[PDB]
Each structure stands twice: as structure tokens, then as C-alpha cells.
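Participant: Quick one: structure below, then a few questions.
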Amino acid sequence: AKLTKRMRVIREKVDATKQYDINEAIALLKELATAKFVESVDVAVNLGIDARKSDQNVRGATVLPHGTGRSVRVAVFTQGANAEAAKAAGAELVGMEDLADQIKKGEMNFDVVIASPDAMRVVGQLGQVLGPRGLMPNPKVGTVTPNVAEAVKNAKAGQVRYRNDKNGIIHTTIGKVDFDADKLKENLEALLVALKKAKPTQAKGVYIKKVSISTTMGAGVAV
Amino acid sequence: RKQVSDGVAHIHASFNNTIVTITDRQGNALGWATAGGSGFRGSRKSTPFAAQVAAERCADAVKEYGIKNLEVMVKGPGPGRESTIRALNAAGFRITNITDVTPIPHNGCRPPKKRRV
Amino acid sequence: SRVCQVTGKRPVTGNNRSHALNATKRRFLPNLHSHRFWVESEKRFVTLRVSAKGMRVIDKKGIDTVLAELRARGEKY
Amino acid sequence: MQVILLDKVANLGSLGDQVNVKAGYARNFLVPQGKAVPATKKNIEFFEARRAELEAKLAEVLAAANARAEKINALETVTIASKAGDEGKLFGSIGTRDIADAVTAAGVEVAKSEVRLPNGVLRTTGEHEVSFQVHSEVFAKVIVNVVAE
RNA sequence: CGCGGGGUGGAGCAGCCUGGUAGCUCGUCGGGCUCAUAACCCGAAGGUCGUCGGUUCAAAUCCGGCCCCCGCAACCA
RNA sequence: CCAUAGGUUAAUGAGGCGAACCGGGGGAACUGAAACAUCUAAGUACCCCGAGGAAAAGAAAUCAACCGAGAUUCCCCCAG
RNA sequence: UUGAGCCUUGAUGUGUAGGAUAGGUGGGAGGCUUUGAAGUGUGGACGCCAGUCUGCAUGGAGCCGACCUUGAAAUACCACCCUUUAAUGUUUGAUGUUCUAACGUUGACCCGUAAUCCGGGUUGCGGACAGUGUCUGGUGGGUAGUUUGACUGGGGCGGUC
């Protein structure tokens, strides 16, 4: 955190030699947030991979079952009248050759994509621009599904992203500094599962190590 | 690291060496130069040919202190006792005072009587 | 004898021993000091002889649960 | 050193939890004053109950409340002075009533001198500043009197 | 009795113990400074580095005898 | 000062003795190792303290082995 | 007051051509600086002479994005990672500072006591010293236990084993 007039007045509550109990650190996490609105927290997954080898490089995301807060804007690839009940369930946009003219330009006016198998025959023209944006739906992930209206409602829980370039550990946002530490543990469990499904082939030796959360002048504590 | 621009300097010239110091009024030596620093043997070290090439080697010894105004003190009989001062003036420095402080013999212990030939 | 009057610690039999094959006697002697305590039942100070491990007990337990029950018949203290 | 508090002390105390203190400070103050102990969390209720009878009996020899701690902030000055030796030195300590008194009322030596020193009475005849002793919770200084006028 | 070493220009002492390999000072025979000699300076002349076989790219050097020596010890009953 | 060290008076306990055994303390060398230090010899020898009719031990934060034991001491054995 | 280690934090970061010193890197429109940005250099380090920091001349709530256009990649706002290096912090040795309370008196005094010890009190002067202990690097024939080759019509050197 940056040293500022509104930050000095909380920096005076902590000592550079002192660590806190796990249950006191989850309050220090909110004390250290100087904004009048509740700030967000980023978490590190403890790994397990070579920091620069590409056959150990990780990139992906996973969609949460219930989420930690803010919703995502959802687009649905389907045909005919099947889209209207999906607009009622949680879609903001419909996948059409009219909208594909924006998608081929790299411009995604949406945050998550769900596809119906007979409309996936259109998405297979655009997979090369959806790919490098994490948006490409896939049957092994269950984002290719006929029940698209229920699946866009399932997407409003939001998603967590993970990737590296130069570090062996991966850092990512997971929610507000005021989120329940017992429910944080549950979403981190779902993240660690998706990270084992996203395990690269050459990930030799140790992989998933113990996970913690860190504060300034309090040190990391177990989740 | 700002320049001080004012201070003192001390000159010593014996029959065997010229030794020049840029000093502080508290009695500190800030930088020094010796005429034996030019590699010259014996009483060569007391001539202007040696003492005149110690002055800018002494101004180099205070290159981070920064000098401009100097009050000079001079001792000893050695011929180099003023060429080292003019060479320092010619280095772009300005002499606030010159004073001679060469000792007058008092007690003197034992002299050569009995002097080497 | 260097007795810890507050616990009954005495010297003990024992050998020095080192990395040598020859073994020789030691007999462990205590370090021996004095300490002064207040007895709230007799409203006076008393001075007792104290030692390592023994002086660690009395400060931990408390004098009202050690010195206040230490007399076996009186011991003239 | 970790200790638990048995009485309300303005500088330190945690309810049902040990607090950090120096053992030397504790062994000169908080322990002999009955105000703290190392651990014994399981047994301090029986100790507190064993003091209840003792303080109920102590009220038979002294139950009085102090009235002097409320008065200290007037910074009231000494009216007694020592009679000085020809050389400008004093005879030192001999009795707690020929010193730091402001009311001349006592007929015998007092148990609590009006000022706190590690060694009683200073032999210097000059003006010096001493800490006024009422109770170990209210603090003041005063200069010594050398004139009595 | 031996033990360990040595075997060198004339004399006295280096080198050796790492074969690519005979040296310095005093001397001897002359040059330079000299009137002249010494010092100093520059030049020359010289040793079968014992003896016969062996081993080798080769032997003052290693290997076996013979042969002359130095030093240490040549009294214990 | 009060007090208490100190002083005095009354009472109890101990004191010395008695054969051998017995808990604790101090603690060898010889001997064997066909040689010696570790190891053996030995907690012996001798000395000291202290005490009972016996001393000492005990019914488990012990011992086993999935079977179970259920105090300790003494004896034959386990076992060369 | 500072030797040493360690935490903490800032400046970094460019070439080439163009506005433009994009360090890396993962997100990204309303969020942020008051112990702070400007000036742009006098002068100190570094230097692509621009710029930033030490600290001023000095002020003092902003600001920034569109159009324009570079590039794998962007220039508010917010994580994560770092070289070099100092100060604040911190652990831990020095140097010296005052002052009693572990400790001490082969100081003095009163009383036990017509007692050089001891005990109690009194009053001075020392001392975070000494004395001592757990563990331990080293020393130590002063003291003590022990080991310490053979053949040879003699021994020793030599030879033999």
C-alpha cells in the first residue's frame, strides 16, 4: 500500500516486528484498506511450477458455483426463440452473425460466453479470437450446453482467472476485504480443483502446496 | 555535498620535502599533497619544479568539498614555499589572507657544531 | 552442605565423563545464595538459603502456598 | 514475562488473559503488592477467596480511606528546616519529623516521610527539588526549605 | 668392520636431485684507465664431472661390479 | 515506642546401651583380558550416617502384543 | 554514540523512429495525492544533459483519457516482482553515561555483649563489579595409571626378521 496522509494514521497501529493471530489478521486486512468503500483482496496460489518454462506455463479461468459478490455480463450463442428466455434468465447479448462482426474485431461487449451445440457451429468460426481472451466455451468445462438459460443464470456467480509469465506462483483477485474467511476458504477450494484440472503435463515433483493470505506488518496466515 | 567555498590552507617547506595541506579552522586536514609524490629523490622535493606540481594535486584532494576563498599559513625555509601558492592561485582560487608562521629557534636542543661536509 | 532451604535440594553423586575412556568422580555441588521473604502470618521478614531449580519453584508457586506451609515443626526461622 | 492481573491497574490488565511485564518490576511491585501472579489461572479464584478473609480482618487495624491524595495538586510547601553545621553540612537522617513537614502537628517520628528518597535526608544545605510522597498513584515535586521564615 | 655420500677446469667451492645442460672466484695469457702494479672493466686458455659393461632418443646424470676419497662411530665382558 | 533478637520458668521429644540382620553415604587395588587403559573384578574390601523388629519393595502416565497380564519379595526355572 | 547482520522503503528502467524514458507484469473509468505535484535550475550524485532524488528558489489540490497515433503490449485507478544503496526500525557486540535495588565492604557506628566472629539496627562508600554455576575451546610430567620387539657357539655399530 502507498504511503499517504490517510494511510499514516493506520500505519501507526502496527509494528514491523509484530505478527497477528489468523483471526486478527482478517480484521487487519480491512484496517489496511484506506478507501471509504470496501477494497478488494488478491490471493497467491502456492506452487509448484518453473517460473519461466512454457511447458509448465499456466493460463485459464474457472466459473464459481455461488460467487463472492459482483456479477458478470453474459452472452448466449443459441438460435431462434430459445434466446428470449435466456435474456430473461441472465443474458445481456445474443450470439448472431450481426454481433460476430464486432467479435471478429476483438471487441467483446460481454464478460462470459455460453453456447448451445447447434449454435457452436457458428462459434467455431470465432474460436481464434475468443481463445486468447479466455471466452471460448468447451464441452469438458460444461460451457457448451443445450440448457443455455439456466447456464447463463449459473454464470452470474462470476469467474476467477489465473496465469503466469515470470513467476512460479500466481496472484489473482477473489473478493472484498470484508468477505467471510470461512467462505473465502470454500471458493479457494474450488479454485484449487480447477487448478488441478488445468495442471500442465510437465508439472513434475510437488504441485499444490499450503495456501495463505498476507497483510502489511502482520505476515501471511493460513486459509 | 554543497560546496563550502571558504576556508584555510597550510604550507610546509623543509630542506628535504614540501608538504601542502588544505585545512579547516577546527584543525582538520581535508586534502594533502607531497613533493616526494612526483617521485623525486632528496632535496629536489624542496624546489619550485617539485612544489609547483603539488598545488593542483592538493586542489584535487578536496574535489568534493569545493573551495574558492582561502587563508594561507606558511612555515619552513624550503625554496618551494611560494610557487606552490601561486600555482594554487592560478588554479582559479582566491587568497583571503597570507601569513608566515615559520618558527624562530627557541631552546633549539643541540645544533651541528660539528656539521657534515 | 549447600542446602536450598525452600525445597530441600542437596548435592548429588555423579561422574564428570567426557569423550575419554577413563571415568572419574565429580559429585554435583549447587550454587548457593540468600533471599529474604515476608510472612503475613508472623508479620516479619526472614532470610533463607536458595539455589538453582529450587528458587525457580517458590516464585512460581507463590510464598502463600510454599513458605506458609514449609515448617515441619518450626526449624527456628 | 507473562502474568495475570488480580486488581485494576491503569497501565495493564487483560480479563482472563496473561499480559507481558518485566519479572524484576513484578517482583518489586505487582507481585508483593498482591496485584499480579505468573499463571495459576486455575487456582487464583481460591487465592482471591483466601484474601477476602484477610482483608476483612485487616479492616480491624486499618479501614480508613485517604483524604490527602485529593490535596496534592495545590503544591503545598515545606515549613520545617534543619539546623545547619558550621561548615554548611547537615547531620543527615535521625527521624522522619524534622524533615519535609508543613504543619508541625506530629509528636513522634512518622511511618511515611513527606518525600521519597532511596536513602533518607540529603546533607547539602542548598536548594534542591524532591518528589513528594503521598501515594504511588499521584505525583508532585517541591523544593526543600532552608529558612523556616 | 661399516653407514651415508662424493667422484668438477690447477686450487677451493657451485650446479645436480627437473637429461635437452659444465660454472664462479682465486689463478694462468693478453687487452682498457697508468708512469707502473693491484682493484675495477673486457677478452682468451682449461676439466675425459673415477673405470668397464648395461639401459636408451641419451649417460658427468640411471643400473651392476671394480677403484680412490670425505665425514660419523671405531673403548661393551 | 509497640515489637522482636536476647533473658527466665514449666512440659514433651531425643541423648547412652544392646548380638546379628538392614536403608543411605564415601569407595579401591588385586584379579581376568596368558599383555593393558575400556571391559572384568566391585559397589566387593574398608570407613561413615541412620534406623526398625525387621529394613526394602507395591497394586501402573507399569508389563505385554491384538492374546491378554493386573502389586512387590523369596524359590526352581526361562537361559548360557 | 555506533561496528555487524536483518527487516523496511524510494530512485530507478529510455536507445533506434514519432508524440512519448510504456522496466517487468495481471486486472482496469471515475479514483487518487495535502509529510505533495509544478520550476528548471543555482548547486550535489547519475546522465542519452532529459529527468529524478538529497535539499531549495518555492506552492499547495489536483489531475488524467477522447481527437492523434506508436507497439507483442499503454499513458487515470489498483496488485504482484527486482537489481544497486542509505536511513528509520530491529537483533546483537562495543565505547561511556548516571545510579541502586543482584552483589560487596580486610568502611564507620549503635545494640545483642564488661565479644576482634556472627546476628539485628544505623550511616557512609563501592556495584551490574566480584563470588559462583551449566556447557565448553585450550592448557597442564606439578600429580598419577600404563605401554615400551627378536636371532646371534657373548654384547654394541652393521646384517638378518
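Residue numbers start at 1 in each chain; chains themselves are named A, B, ... in the order of the C-alpha cells; ligands are numbered from 1 in the order shown.
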Neighbours of residue 121 in chain A within 12 Å (only C-alpha atoms (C1' of nucleotides); same-chain residues fewer than 6 positions away dropped), as number ranges by chain?

Facilitator: A: 77-79, 95-97, 115, 127, 137, 144

Participant: Only C-alpha atoms, please: the residues just picked out, written as a PDB file, in the first residue's frame.

Facilitator:
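Now in part07.pdb:
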ATOM      1  CA  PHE A  77     -24.925 -18.427 -28.525  1.00  0.00           C
ATOM      2  CA  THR A  78     -28.226 -20.063 -29.472  1.00  0.00           C
ATOM      3  CA  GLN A  79     -30.851 -20.000 -32.296  1.00  0.00           C
ATOM      4  CA  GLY A  95     -24.664 -14.537 -30.465  1.00  0.00           C
ATOM      5  CA  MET A  96     -25.656 -13.696 -34.079  1.00  0.00           C
ATOM      6  CA  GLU A  97     -23.739 -13.141 -37.349  1.00  0.00           C
ATOM      7  CA  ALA A 115     -23.110 -21.857 -26.249  1.00  0.00           C
ATOM      8  CA  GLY A 127     -12.679 -19.550 -31.600  1.00  0.00           C
ATOM      9  CA  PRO A 137     -16.707 -22.353 -24.469  1.00  0.00           C
ATOM     10  CA  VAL A 144     -21.298 -25.957 -24.235  1.00  0.00           C
TER      11      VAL A 144
END

Participant: Got a sec to tell me which of range 9-208 of chain A DSSP assigns to helix (DSSP H, G or I), as number ranges by chain?

Facilitator: A: 9-11, 22-31, 80-89, 97-103, 120-123, 127-133, 139-141, 148-155, 181-197

Participant: Quick one: residues within 10 Å of range 32-48 of chain G, only C-alpha atoms (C1' of nucleotides), excluding same-chain residues fewer than 5 positions away - as a PyMOL selection string?

Facilitator: (chain A and resi 3-5+8) or (chain B and resi 1-3+64) or (chain G and resi 14-15+21+53-63+76-77)

Participant: List as an mmCIF file with C-alpha atoms, in the first residue's frame the protein and nucleic acid residues near residue 212 in chain A, meaning an atom at most 6 Å away when only C-alpha atoms (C1' of nucleotides) are counted, but skip any in the same chain fewer than 3 places from it.

Facilitator:
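Done, and the output landed in around09.cif:
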data_model
loop_
_atom_site.group_PDB
_atom_site.id
_atom_site.type_symbol
_atom_site.label_atom_id
_atom_site.label_comp_id
_atom_site.auth_asym_id
_atom_site.auth_seq_id
_atom_site.Cartn_x
_atom_site.Cartn_y
_atom_site.Cartn_z
ATOM 1 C CA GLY A 220 0.844 -14.429 5.819
ATOM 2 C CA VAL A 221 -1.686 -16.647 7.617
ATOM 3 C CA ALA A 222 -3.265 -19.989 6.568
ATOM 4 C CA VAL A 223 -6.692 -20.039 4.754
#

Participant: Could you give me, as a PyMOL selection string, each residue of chain A that DSSP assigns to strand (DSSP E) when run on this structure's backbone?

Facilitator: chain A and resi 40-45+59-63+74-77+91-94+112-115+159-163+170-176+212-213+221-222

Participant: The selected residues should be written to file as a compact mmCIF listing (two decimals), in the first residue's frame (atoms: N, CA, C and O atoms).

Facilitator:
# COMPACT_ATOMS: atom_id res chain seq x y z
N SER A 40 -10.75 -4.58 -2.48
CA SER A 40 -10.61 -5.98 -2.89
C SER A 40 -9.25 -6.57 -2.49
O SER A 40 -8.28 -5.85 -2.32
N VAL A 41 -9.19 -7.90 -2.35
CA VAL A 41 -8.02 -8.69 -1.98
C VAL A 41 -7.61 -9.64 -3.10
O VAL A 41 -8.42 -10.35 -3.68
N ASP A 42 -6.32 -9.68 -3.35
CA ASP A 42 -5.66 -10.64 -4.23
C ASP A 42 -4.95 -11.74 -3.41
O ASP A 42 -4.31 -11.47 -2.39
N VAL A 43 -5.06 -12.99 -3.87
CA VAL A 43 -4.53 -14.20 -3.23
C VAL A 43 -3.53 -14.91 -4.13
O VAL A 43 -3.73 -14.98 -5.35
N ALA A 44 -2.47 -15.46 -3.53
CA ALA A 44 -1.45 -16.23 -4.21
C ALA A 44 -1.63 -17.74 -4.03
O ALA A 44 -1.64 -18.23 -2.91
N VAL A 45 -1.68 -18.49 -5.14
CA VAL A 45 -1.65 -19.96 -5.12
C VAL A 45 -0.22 -20.45 -5.07
O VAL A 45 0.60 -20.05 -5.87
N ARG A 59 -2.30 -20.83 -17.86
CA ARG A 59 -3.27 -19.80 -18.24
C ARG A 59 -4.66 -20.38 -18.32
O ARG A 59 -4.87 -21.34 -19.07
N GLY A 60 -5.61 -19.79 -17.61
CA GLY A 60 -7.01 -20.15 -17.70
C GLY A 60 -7.88 -19.36 -16.73
O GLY A 60 -7.50 -18.30 -16.21
N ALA A 61 -9.07 -19.88 -16.52
CA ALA A 61 -10.06 -19.41 -15.57
C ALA A 61 -11.03 -20.53 -15.18
O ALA A 61 -11.04 -21.61 -15.79
N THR A 62 -11.86 -20.25 -14.19
CA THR A 62 -12.96 -21.09 -13.75
C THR A 62 -14.13 -20.25 -13.26
O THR A 62 -13.94 -19.18 -12.67
N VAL A 63 -15.34 -20.73 -13.47
CA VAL A 63 -16.59 -20.08 -13.06
C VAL A 63 -17.05 -20.66 -11.74
O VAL A 63 -17.05 -21.88 -11.54
N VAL A 74 -23.16 -11.46 -19.50
CA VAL A 74 -23.18 -12.77 -20.18
C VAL A 74 -23.77 -12.68 -21.59
O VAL A 74 -24.83 -12.09 -21.81
N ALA A 75 -23.11 -13.33 -22.54
CA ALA A 75 -23.56 -13.51 -23.92
C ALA A 75 -23.92 -14.98 -24.19
O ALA A 75 -23.22 -15.89 -23.75
N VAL A 76 -25.01 -15.20 -24.91
CA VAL A 76 -25.51 -16.54 -25.24
C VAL A 76 -25.52 -16.83 -26.74
O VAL A 76 -26.16 -16.11 -27.51
N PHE A 77 -24.86 -17.91 -27.16
CA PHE A 77 -24.93 -18.43 -28.52
C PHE A 77 -25.98 -19.51 -28.61
O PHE A 77 -25.79 -20.62 -28.11
N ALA A 91 -28.82 -13.34 -19.75
CA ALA A 91 -28.08 -12.86 -20.90
C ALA A 91 -28.34 -11.37 -21.16
O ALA A 91 -29.47 -10.89 -21.10
N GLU A 92 -27.31 -10.63 -21.51
CA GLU A 92 -27.39 -9.23 -21.94
C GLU A 92 -27.29 -9.10 -23.47
O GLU A 92 -27.83 -8.13 -24.03
N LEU A 93 -26.64 -10.05 -24.14
CA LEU A 93 -26.42 -10.09 -25.59
C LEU A 93 -26.63 -11.50 -26.18
O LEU A 93 -26.38 -12.50 -25.50
N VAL A 94 -27.02 -11.57 -27.45
CA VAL A 94 -27.23 -12.83 -28.21
C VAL A 94 -26.22 -12.98 -29.33
O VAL A 94 -26.00 -12.05 -30.09
N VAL A 112 -18.58 -13.20 -20.07
CA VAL A 112 -18.68 -14.67 -20.14
C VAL A 112 -19.54 -15.09 -21.35
O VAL A 112 -20.51 -14.42 -21.68
N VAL A 113 -19.20 -16.23 -21.98
CA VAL A 113 -19.93 -16.82 -23.12
C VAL A 113 -20.38 -18.25 -22.82
O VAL A 113 -19.57 -19.10 -22.46
N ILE A 114 -21.65 -18.52 -23.09
CA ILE A 114 -22.28 -19.84 -23.05
C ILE A 114 -22.82 -20.17 -24.45
O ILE A 114 -23.37 -19.29 -25.12
N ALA A 115 -22.69 -21.43 -24.91
CA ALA A 115 -23.11 -21.86 -26.25
C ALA A 115 -23.96 -23.13 -26.28
O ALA A 115 -23.66 -24.10 -25.60
N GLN A 159 -16.32 -15.36 -12.24
CA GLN A 159 -15.18 -16.22 -12.57
C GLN A 159 -13.89 -15.72 -11.95
O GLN A 159 -13.71 -14.52 -11.74
N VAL A 160 -12.95 -16.64 -11.71
CA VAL A 160 -11.61 -16.36 -11.23
C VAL A 160 -10.59 -16.84 -12.25
O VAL A 160 -10.71 -17.93 -12.81
N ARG A 161 -9.62 -15.99 -12.50
CA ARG A 161 -8.62 -16.12 -13.55
C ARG A 161 -7.25 -16.42 -12.96
O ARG A 161 -6.95 -15.99 -11.84
N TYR A 162 -6.41 -17.14 -13.69
CA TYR A 162 -5.05 -17.47 -13.26
C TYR A 162 -4.11 -17.60 -14.44
O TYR A 162 -4.37 -18.36 -15.38
N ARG A 163 -2.99 -16.89 -14.38
CA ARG A 163 -1.92 -17.02 -15.37
C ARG A 163 -0.57 -16.52 -14.88
O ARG A 163 -0.52 -15.61 -14.05
N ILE A 170 1.11 -17.72 -8.71
CA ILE A 170 0.08 -16.97 -9.43
C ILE A 170 -0.76 -16.17 -8.45
O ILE A 170 -1.23 -16.73 -7.48
N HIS A 171 -0.97 -14.89 -8.74
CA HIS A 171 -1.71 -13.93 -7.91
C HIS A 171 -3.01 -13.51 -8.61
O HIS A 171 -3.00 -13.24 -9.81
N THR A 172 -4.12 -13.49 -7.91
CA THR A 172 -5.42 -13.14 -8.51
C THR A 172 -6.43 -12.59 -7.51
O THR A 172 -6.43 -13.00 -6.36
N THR A 173 -7.31 -11.69 -7.95
CA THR A 173 -8.42 -11.16 -7.16
C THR A 173 -9.46 -12.22 -6.87
O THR A 173 -9.76 -13.05 -7.73
N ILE A 174 -10.02 -12.20 -5.67
CA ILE A 174 -11.04 -13.17 -5.26
C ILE A 174 -12.27 -12.54 -4.59
O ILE A 174 -13.32 -13.16 -4.58
N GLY A 175 -12.18 -11.31 -4.05
CA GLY A 175 -13.33 -10.63 -3.46
C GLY A 175 -12.94 -9.40 -2.62
O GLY A 175 -11.83 -8.92 -2.69
N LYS A 176 -13.88 -8.91 -1.83
CA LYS A 176 -13.76 -7.76 -0.91
C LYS A 176 -12.98 -8.13 0.36
O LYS A 176 -13.10 -9.24 0.87
N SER A 212 -2.02 -19.38 1.87
CA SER A 212 -2.12 -18.34 2.90
C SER A 212 -2.60 -16.99 2.33
O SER A 212 -2.63 -16.81 1.12
N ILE A 213 -2.95 -16.03 3.20
CA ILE A 213 -3.29 -14.64 2.86
C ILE A 213 -2.45 -13.65 3.66
O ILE A 213 -2.27 -13.81 4.87
N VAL A 221 -0.98 -15.71 6.75
CA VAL A 221 -1.69 -16.65 7.62
C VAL A 221 -2.49 -17.66 6.80
O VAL A 221 -3.03 -17.32 5.74
N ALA A 222 -2.60 -18.89 7.28
CA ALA A 222 -3.27 -19.99 6.57
C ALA A 222 -4.77 -19.77 6.36
O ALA A 222 -5.49 -19.47 7.31

Participant: I'd like the neighbourhood of residue 70 in chain E as a PyMOL selection string, where a residue qualifies if any of its atoms comes within 12 Å (using only C-alpha atoms (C1' of nucleotides)), though same-chain residues fewer than 2 positions away should be ignored.

Facilitator: chain E and resi 4-7+68+72

Participant: Near chain F, which residues of chain C fall within 10 Å when you count only C-alpha atoms (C1' of nucleotides), and what do they look like as a list in words?

Facilitator: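 Therefore, the residues near the partner are residues 13, 20, 21, 22, 23 and 44 of chain C.
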
Participant: Chain C near chain D within 12 Å: what's each residue's closest atom pair and its distance in Å to one decimal, counting only C-alpha atoms, ordered by chain then ascending residue number, as JSON lines?

Facilitator:
{"residue": "C:37", "atom": "CA", "partner": "D:32", "partner_atom": "CA", "distance": 9.9}
{"residue": "C:38", "atom": "CA", "partner": "D:32", "partner_atom": "CA", "distance": 9.0}
{"residue": "C:39", "atom": "CA", "partner": "D:32", "partner_atom": "CA", "distance": 11.3}
{"residue": "C:40", "atom": "CA", "partner": "D:54", "partner_atom": "CA", "distance": 9.6}
{"residue": "C:41", "atom": "CA", "partner": "D:54", "partner_atom": "CA", "distance": 10.0}
{"residue": "C:56", "atom": "CA", "partner": "D:38", "partner_atom": "CA", "distance": 11.9}
{"residue": "C:57", "atom": "CA", "partner": "D:38", "partner_atom": "CA", "distance": 11.6}
{"residue": "C:58", "atom": "CA", "partner": "D:38", "partner_atom": "CA", "distance": 11.4}
{"residue": "C:59", "atom": "CA", "partner": "D:38", "partner_atom": "CA", "distance": 8.5}
{"residue": "C:60", "atom": "CA", "partner": "D:38", "partner_atom": "CA", "distance": 6.5}
{"residue": "C:61", "atom": "CA", "partner": "D:40", "partner_atom": "CA", "distance": 8.0}
{"residue": "C:62", "atom": "CA", "partner": "D:37", "partner_atom": "CA", "distance": 8.2}
{"residue": "C:63", "atom": "CA", "partner": "D:32", "partner_atom": "CA", "distance": 10.1}
{"residue": "C:64", "atom": "CA", "partner": "D:47", "partner_atom": "CA", "distance": 8.9}
{"residue": "C:65", "atom": "CA", "partner": "D:47", "partner_atom": "CA", "distance": 9.4}

Participant: Could you please take those selected residues and save C-alpha atoms as an mmCIF file, in the first residue's frame?

Facilitator:
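That gives us again.cif:
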data_model
loop_
_atom_site.group_PDB
_atom_site.id
_atom_site.type_symbol
_atom_site.label_atom_id
_atom_site.label_comp_id
_atom_site.auth_asym_id
_atom_site.auth_seq_id
_atom_site.Cartn_x
_atom_site.Cartn_y
_atom_site.Cartn_z
ATOM 1 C CA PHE C 37 10.768 -13.109 52.331
ATOM 2 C CA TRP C 38 7.720 -11.688 54.195
ATOM 3 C CA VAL C 39 5.458 -13.935 56.277
ATOM 4 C CA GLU C 40 1.969 -12.318 56.520
ATOM 5 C CA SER C 41 1.029 -14.693 59.392
ATOM 6 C CA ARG C 56 12.522 -21.400 40.313
ATOM 7 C CA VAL C 57 9.778 -23.241 42.254
ATOM 8 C CA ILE C 58 8.972 -20.720 45.047
ATOM 9 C CA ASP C 59 8.490 -17.680 42.737
ATOM 10 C CA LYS C 60 6.190 -19.813 40.505
ATOM 11 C CA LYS C 61 4.029 -21.458 43.157
ATOM 12 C CA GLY C 62 3.895 -18.365 45.475
ATOM 13 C CA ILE C 63 5.043 -17.911 49.124
ATOM 14 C CA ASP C 64 1.482 -18.225 50.471
ATOM 15 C CA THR C 65 1.453 -21.848 49.060
#

Participant: Quick one: residues within 12 Å of residue 66 in chain E, only C-alpha atoms (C1' of nucleotides), excluding same-chain residues fewer than 3 positions away - as a list in words?

Facilitator: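 In the requested format, the answer is residues 50, 51, 52 and 53 of chain E.
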
Participant: Those same residues, written as a PDB file, in the first residue's frame with C-alpha atoms (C1' of nucleotides)?

Facilitator:
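Written out: again.pdb:
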ATOM      1  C1'   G E  50      86.897 -42.390 -11.430  1.00  0.00           C
ATOM      2  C1'   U E  51      86.614 -47.311 -14.665  1.00  0.00           C
ATOM      3  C1'   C E  52      84.307 -51.224 -17.791  1.00  0.00           C
ATOM      4  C1'   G E  53      79.771 -53.279 -19.247  1.00  0.00           C
TER       5        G E  53
END

Participant: With only C-alpha atoms (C1' of nucleotides) as the basis for distance, which of F:10, F:55, F:77, F:28 is at the shortest distance from residue 42 in chain F?

Facilitator: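 Of the candidates, the smallest distance to residue 42 in chain F is held by F:28.
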